[PDB]
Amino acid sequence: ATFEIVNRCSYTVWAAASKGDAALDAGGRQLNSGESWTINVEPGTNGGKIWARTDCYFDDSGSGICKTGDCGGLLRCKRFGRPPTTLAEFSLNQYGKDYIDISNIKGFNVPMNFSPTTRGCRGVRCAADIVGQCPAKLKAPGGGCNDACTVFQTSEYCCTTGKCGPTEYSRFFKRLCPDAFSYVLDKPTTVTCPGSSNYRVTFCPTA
């Protein structure tokens, strides 16, 4: 499956793509304002994620650091990124269908639209100014808006026991972005797409 990653932000971002234990395609690449990078994700990929990283610095070997979404200090991500990270999540060819969603469970750093480029289903989006409106206690000194689990480490915010409910913090993310997961047990906003669909992830879709 092809995923065209487009940076419509006025600032540079370092796109990342991983499934947790492996890097999807190159795993990561720099995207200056306006640039598009198309990656190929193998069919059947389960638990894949794409996100943006901001304020990065890498050397000649591809090692460095980013203020948001840093993945072990590597340009080419092999693991998931450090919160806060707005997440485009997907599982492909799962019993004949594809499943996509956007999640704020690990915080928010850059606005994003995640849509199919093929017929059969609609896209999801979270482009509200969550960083600007971020509650004081969730503001990440390094940039972005942290999720409550990351900040407070409680069973309720992290839903560790699998028995949690909405919170004042999750409701903030849900208010700003109704079409994205605001907490673990949030009402699903996952979209079902035809198996083997193709997609486009656009950072800062609202220009």
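The first residue of the sequence shown is number 1, and the count goes up from there.
- When 111-119 is weighed against 71-79, 71-79 comes out higher, by mean CA B-factor as recorded in the entry.
- Between 120-128 and 97-105, the higher mean Cα B-factor belongs to 120-128.
- The residue among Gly34, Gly142, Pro178, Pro166 whose C-alpha carries the highest B-factor in the deposited model is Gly142.
- Across the options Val184, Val13, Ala17, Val191, the residue with the most elevated CA B-factor in the record is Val184.
- Sort the chain's modelled residues by C-alpha temperature factor and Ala1 lands in the middle third, per the entry.
- In the PDB entry, a CA B factor belonging to the middle third of its chain's modelled residues is recorded for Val41.
- In the PDB entry, a CA B factor belonging to the middle third of its chain's modelled residues is recorded for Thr54.
- Per-chain ranking of the deposited C-alpha B factor places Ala148 in the lowest third.
- Ranked by C-alpha B-factor against the other modelled residues of its chain, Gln30 falls in the middle third.
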